[PDB]
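Peer 1: Attaching a single structure in structure tokens format; questions to follow.
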Amino acid sequence: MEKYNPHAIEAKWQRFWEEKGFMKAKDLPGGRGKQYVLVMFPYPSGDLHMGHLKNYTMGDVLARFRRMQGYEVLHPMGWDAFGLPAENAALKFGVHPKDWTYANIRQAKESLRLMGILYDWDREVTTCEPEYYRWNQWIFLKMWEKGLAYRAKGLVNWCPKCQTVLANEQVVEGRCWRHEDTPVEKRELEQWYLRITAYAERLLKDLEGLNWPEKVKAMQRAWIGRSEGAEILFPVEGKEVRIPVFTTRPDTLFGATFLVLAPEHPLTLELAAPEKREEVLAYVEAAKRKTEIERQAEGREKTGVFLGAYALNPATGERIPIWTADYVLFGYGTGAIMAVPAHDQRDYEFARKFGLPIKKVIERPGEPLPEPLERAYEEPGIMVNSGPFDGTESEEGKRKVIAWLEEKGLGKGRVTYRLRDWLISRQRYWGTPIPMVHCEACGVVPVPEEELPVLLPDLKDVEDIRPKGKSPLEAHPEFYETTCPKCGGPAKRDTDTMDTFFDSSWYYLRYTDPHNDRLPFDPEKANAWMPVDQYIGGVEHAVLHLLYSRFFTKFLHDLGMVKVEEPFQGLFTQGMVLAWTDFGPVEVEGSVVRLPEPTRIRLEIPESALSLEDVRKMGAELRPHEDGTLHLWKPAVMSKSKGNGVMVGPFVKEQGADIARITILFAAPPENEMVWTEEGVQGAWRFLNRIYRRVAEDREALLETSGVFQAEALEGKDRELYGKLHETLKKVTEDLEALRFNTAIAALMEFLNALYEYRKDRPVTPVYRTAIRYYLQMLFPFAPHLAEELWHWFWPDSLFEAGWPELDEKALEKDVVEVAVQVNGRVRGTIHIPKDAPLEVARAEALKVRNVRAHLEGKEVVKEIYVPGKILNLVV
RNA sequence: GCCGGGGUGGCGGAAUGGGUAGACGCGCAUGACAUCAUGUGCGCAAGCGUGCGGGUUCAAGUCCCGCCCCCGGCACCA
Ligand SMILES: CC(C)C[C@H](N)C(=O)O
Ligand SMILES: [Hg+2]
Ligand SMILES: [Zn+2]
Ligand SMILES: [Zn+2]
């Protein structure tokens, strides 16, 4: 008897599926229904390994399944070429991006193909190509006319490594999103923005009905951070100008004893007294230079300066000094606040430190407030010392005081958002050119829609297209020395480029019509496929892609190009793949494990001396090495950096594809993080072989048997096996739909054993043939190769045209289930009686269990409970 | 501190309209010419066992009250 040989059949079938084009995405989905499985396209930068294939596999499983059912499936794939990701890589190897990319893509598609993953490559999209980024511009225009795009000064975040500005969404832990070790600074610059805030309300409101992981939504809710409150205006003493401040506690206005402007606030210097200037101006240059990692280093220590100017409390009418502290942020609300030390610790503390007054205006219900106050009081209470509002409740106060303000034109009720506008301009070469020009008489003028695209200057000198603080395009007149399409005089093209995320915010839409030269996509098409039914990806893109993408769709909706309003209906996340890692040598002596500094450092711990326990307890092991010393191993993220990846190409050659799959899918729950291991790969081998044998050993026997039979006319092991099948089909089918591939397979392995047990007391019967047919169909999504192979030994056409097995509910019905006999809550034993078996029939079959255990303890009884299902309790 | 998700064998992990806890797999242990078959929660045993302590019930991983710990994300948003 032959044996399971991967290299023999895999690459064969792969070519087969590609030729016959089963995953070709239909232009316009018919009436059979349609699925749109999509995995976030990759940043071409490196070579793929098991750590990466997790996702694309999933997408494939899910994609093959649906296609098998009948749905018209669209499983697309393309490359997120432009932006920092690629450039940052091509720059670390002194290579030209256009070459480093097309190369990385080639390597990629090869891996994917080896893994037996199919796509509709006739839709492949490469962001960095003109044929695509042209539309990135077209959109930018449509956003300009609609006033959602714009330019403006102010402090922006600067990444010394990337040598360019980043959006707030790209500042994780106060560091770069790609360089989690490089702090971020601020620089006065005028960049281009996208008025995403214009959609703050909708972005937050349309989350509700969204069926996403509660973890993600909650992050967007928090990132958008809506807050209802009031915008009060404080007149400046003598001056004509008025200062707007936001507050979610206007019912305390009469308690405001001072104002605090953000260092970067304009009026912080335009009001700073000449005798204070030499200090105010020195404080700004101190805050601007400080950073996030530095600020969080000082703690909650309040620090500010007095502006030497006063303001007029529009409530009491009196004067209150105006200060400037860093604890107030300019990028939020009004960048100014009305300090009320009496009902806000922050303010309070700031007050007790810089000798400022604390006025009480909210009394605590019942238990009076200890005078003098030694801690704020932020809870609701009764108003006092607040003019005619005295006695008025706290809650009812707010709306009244606001209604009072909106009467004298002193303020108004407003709702600010934490969400800050999107900064999309980058001073890098590899990027989409902003379709704007700069005339001196006309000003900032938008390039004509029909003059698009605006190709990127062709630059070969690698040391040329490198960021040094300014836009690499700011050195090629041959590009920007163009004319203004308004007047006709000398103009200048904007040297800045669109951030990567821009093009990665509507790609899912391009796949629906990847070859359109009239529009970013034909609405008719996009509407037929959208929304994305299932989006496999990560969480790190919570406040980025998963946000920017929605805004983009909504705006595209508002142009009447896309019927839907949320691009991703389903959002399935995945966990990180891991692998046991070599953390260096160790000197073991008895039960003591000394740690040499080279290792201890990589382990990122303080201790330089553990024990054989501390090692176990932290999930590690000491193994023998090739250098003749012991090495401390431990799992770790499977990444290039860690140098522990399991390259696809190699692996597949030395093992097989379907093996990789089963290993990845069955390892754990997809949402959880797996740890790719030797032992696992083995299991995949075993599982796959046993599937082979079982079918190879009956190939002949099966070849001469018919798979036709009468359902009910079944009895014996057959009737049973047939039930086990359908019982299994249920599980597989459900789990595939819910995206629980692990248990979906665990169920397939279980039936397999069931088949081995059925063949020790029964021959290749019609029911059995059917079992095998059904099994092969249920396998096709996880091990499409080995599945397509065995299937052909008996049937003609591809498993793709087989369709998915039909469940037979009536086959699930159980007859003679095993029941547990318990007495006073302990499980004494288990009998085997029909499901409907009457209490008397069970009781009887119980009273004489294996060891009559039921008697060894039930010699009294008082009440008995029977549950047809699987239980019978005797209350002694 | 807030929000989100979780504590089950040696390990990944099953099972919640209460009803034989530990499916499937990994590891380990015996029997055959790396591969199969059998066993495998702990304790020699009384007996005990789903983070802790009470409680409801014939019956609790599932429900009720109080509490501990772990991971992830924001962290001075007025
Ligand atoms: C959809 C894209 C934002 C995915 C991203 N390019 C990544 O590889 O993480
Ligand atoms: Hg390109
Ligand atoms: Zn950077
Ligand atoms: Zn002009």
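What is reported rests on the model, the rules as stated and the sources as named; nothing here is a laboratory result. Here the Cβ is made from the backbone with ideal geometry for all residues, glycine too, and neighbour counts use every protein chain on show.
Peer 1: Among the residues of segment A:675-699, which ones are within 8 Å of RNA strand B (Cβ to nearest atom) and touching a helix residue (DSSP H, G or I) at 6+ places or on another chain (Cβ under 7 Å)?
Peer 2: A:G680, A:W685, A:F687, A:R690
Peer 1: Which residues, taken from segment A:376-391, are over 41 Å from the mean Cα position of the chain (by Cα), in contact (Cβ under 8 Å) with a residue 24 or more places away in the chain and assigned to a loop (DSSP other than H, G, I, E, B)?
Peer 2: Just the residues of segment A:376-391 that are over 41 Å from the mean Cα position of the chain (by Cα), to begin with: A:381-391.
Next, only the ones that are in contact (Cβ under 8 Å) with a residue 24 or more places away in the chain stay: A:383-387, A:389.
Across segment A:376-391, the qualifying residues are A:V384, A:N385, A:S386.
Peer 1: Any residue in segment A:26-54 that is among the hydroxyl-bearing types (S, T, Y) sitting within a Cβ distance under 6 Å of a residue that is away from ligand 3 (no atom under 16 Å from the Cβ) and in a loop (DSSP other than H, G, I, E, B)? List the pairs, counting only those 6 or more apart or interchain.
Peer 2: Qualifying pairs under 6 Å: A:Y36/A:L74; A:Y36/A:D533; A:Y43/A:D80.
Peer 1: Tell me which residues, restricted to segment A:127-140, are away from ligand 2 (no atom under 16 Å from the Cβ) and surrounded by fewer than 18 Cβ atoms within 10 Å (Cβ to Cβ). Give the derivation first.
Peer 2: Keep residues of segment A:127-140 that are away from ligand 2 (no atom under 16 Å from the Cβ), which gives A:138-140.
Within segment A:127-140, A:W138 is the sole residue that qualifies.
Peer 1: Give just the number: which of (1) touching a helix residue (DSSP H, G or I) at 6+ places or on another chain (Cβ under 8 Å); (2) touching a residue at least 60 places away in the same chain (Cβ under 8 Å) does A:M77 not satisfy?
Peer 2: So A:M77 meets the others, but not (2).
Peer 1: What number of residues in segment A:457-505 are away from ligand 2 (no atom under 16 Å from the Cβ), among the basic types (K, R) and out of contact with any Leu (no Cβ under 9 Å at 6 or more places or on another chain)?
Peer 2: Result for segment A:457-505: 4.
Peer 1: Could you look through segment A:156-199, keep only residues that are on the phi > 0 side of the Ramachandran plot and under 22 Å from the mean Cα position of the chain (by Cα), and pick out the one that is farthest from ligand 4 (Cβ to nearest atom)?
Peer 2: Ranking the qualifying residues of segment A:156-199, first place goes to A:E173.
Peer 1: Can you tell me which residue among A:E180, A:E169 is within 24 Å of A:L556 (Cβ to Cβ) and either among the polar types (S, T, N, Q) or more than 16 Å from ligand 2 (Cβ to nearest atom) (or both)?
Peer 2: Going through A:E180, A:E169 in turn, just one is within 24 Å of A:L556 (Cβ to Cβ) and either among the polar types (S, T, N, Q) or more than 16 Å from ligand 2 (Cβ to nearest atom) (or both): A:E169.
Peer 1: I've got another one for you. Check every one of the strands (runs of 3 or more DSSP E) wholly within segment A:294-345 and list those with 1 or more residues that are more than 16 Å from ligand 2 (Cβ to nearest atom), crowded, with 17+ Cβ neighbours inside 10 Å and not assigned by CATH to the domain that holds A:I358.
Peer 2: Values: elements: A:304-312, A:319-325, A:336-339.
Here the list is empty.
Peer 1: Same structure, new question: Could you tell me how many of the residues in segment A:301-323 are over 18 Å from A:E270 (Cβ atoms) and touching a residue at least 40 places away in the same chain (Cβ under 8 Å)?
Peer 2: Adding up the residues that qualify gives 7.
Peer 1: Please specify each residue of segment A:136-169 satisfying the condition of being over 17 Å from A:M498 (Cβ atoms) and of a type in the set (A, V, I, L, M).
Peer 2: Matches in segment A:136-169: A:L155 only.
Peer 1: May I pose another question? Mind checking which residues of segment A:439-497 are among the hydrophobic types (A, V, I, L, M, F, W, C), over 36 Å from the mean Cα position of the chain (by Cα) and under 21 Å from A:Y193 (Cα atoms)?
Peer 2: Matches in segment A:439-497: A:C439, A:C442, A:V444, A:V445.
Peer 1: May I ask you to verify whether A:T432 is in the same structural domain as A:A542 (by CATH) and within 16 Å of ligand 1 (Cβ to nearest atom)? Before the answer, list the steps.
Peer 2: Numbers: in the same structural domain as A:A542 (by CATH): yes; within 16 Å of ligand 1 (Cβ to nearest atom): yes.
Judged against the criteria, A:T432 is a match.
Peer 1: Let me ask you something else. Kindly list, by first and then second residue, each pair from a residue in segment A:107-126 that is within 16 Å of ligand 2 (Cβ to nearest atom) to a residue that is not in a loop (DSSP other than H, G, I, E, B), limited to pairs with Cβ atoms under 6 Å and residues at least 6 apart or on different chains.
Peer 2: From residues that are within 16 Å of ligand 2 (Cβ to nearest atom), the pairs are A:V125/A:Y132; A:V125/A:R510; A:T126/A:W79.
Peer 1: For A:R428, are the conditions met, namely being within 28 Å of the chain's Cα centre (by Cα) and within 16 Å of ligand 2 (Cβ to nearest atom)?
Peer 2: Yes.
Peer 1: Right, next: Step by step: first the residues of segment A:533-559, then only those that are of a type in the set (S, T, Y) and closer than 16 Å to A:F41 by Cα, then the one that is farthest from ligand 4 (Cβ to nearest atom). Which residue is that?
Peer 2: Within segment A:533-559, the match that is farthest from ligand 4 (Cβ to nearest atom) is A:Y535.
Peer 1: Only one of these is surrounded by 13 or more Cβ atoms within 10 Å (Cβ to Cβ), in a loop (DSSP other than H, G, I, E, B) and in contact with a helix residue (DSSP H, G or I) (Cβ under 9 Å, 6 or more places away or on another chain): A:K398, A:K360. Name it.
Peer 2: After applying the criteria, what remains is A:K360.
Peer 1: Now a separate question. Out of A:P244, A:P266, A:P250, I need the residue that is touching a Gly at 6+ places or on another chain (Cβ under 9 Å), in contact (Cβ under 8 Å) with a residue 24 or more places away in the chain, in the same structural domain as A:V384 (by CATH) and surrounded by fewer than 18 Cβ atoms within 10 Å (Cβ to Cβ). Which one?
Peer 2: One residue alone meets the criteria, A:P244.
Peer 1: When A:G225 is evaluated against the numbered criteria (1) closer than 30 Å to A:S394 by Cβ; (2) within 19 Å of the chain's Cα centre (by Cα); (3) free of Cβ contacts under 8 Å to residues at least 40 places away in the same chain, which criterion, by number, is the only one it fails?
Peer 2: (3)
Peer 1: When segment A:392-412 is examined, which residues are found to be under 43 Å from the mean Cα position of the chain (by Cα) and not charged (D, E, K, R)?
Peer 2: Of everything in segment A:392-412, those that are under 43 Å from the mean Cα position of the chain (by Cα) and not charged (D, E, K, R) turn out to be A:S394, A:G397, A:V401, A:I402, A:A403, A:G411.
Peer 1: Further question on the same structure: I need the full set of residues from segment A:57-91 which are of a type in the set (F, W, Y) and surrounded by 23 or more Cβ atoms within 10 Å (Cβ to Cβ), in order please. Step through it out loud before you land on a result.
Peer 2: Taking segment A:57-91 as the starting set, the residues that turn out to be of a type in the set (F, W, Y) are A:65, A:71, A:79, A:82.
A:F65, A:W79, A:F82, listed by residue number.
Peer 1: Can you name every residue in segment A:418-468 that is part of a loop (DSSP other than H, G, I, E, B), buried (at least 22 other Cβ atoms within 10 Å of the Cβ) and within 16 Å of RNA strand B (Cβ to nearest atom)?
Peer 2: Answer for segment A:418-468, where residues must be part of a loop (DSSP other than H, G, I, E, B), buried (at least 22 other Cβ atoms within 10 Å of the Cβ) and within 16 Å of RNA strand B (Cβ to nearest atom): just A:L419.
Peer 1: Out of segment A:818-852, which residues are buried (at least 16 other Cβ atoms within 10 Å of the Cβ), in contact (Cβ under 8 Å) with a residue 24 or more places away in the chain and either basic (K, R) or not in a strand (DSSP E or B) (or both)?
Peer 2: A:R828, A:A837, A:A842, A:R843, A:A846, A:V849
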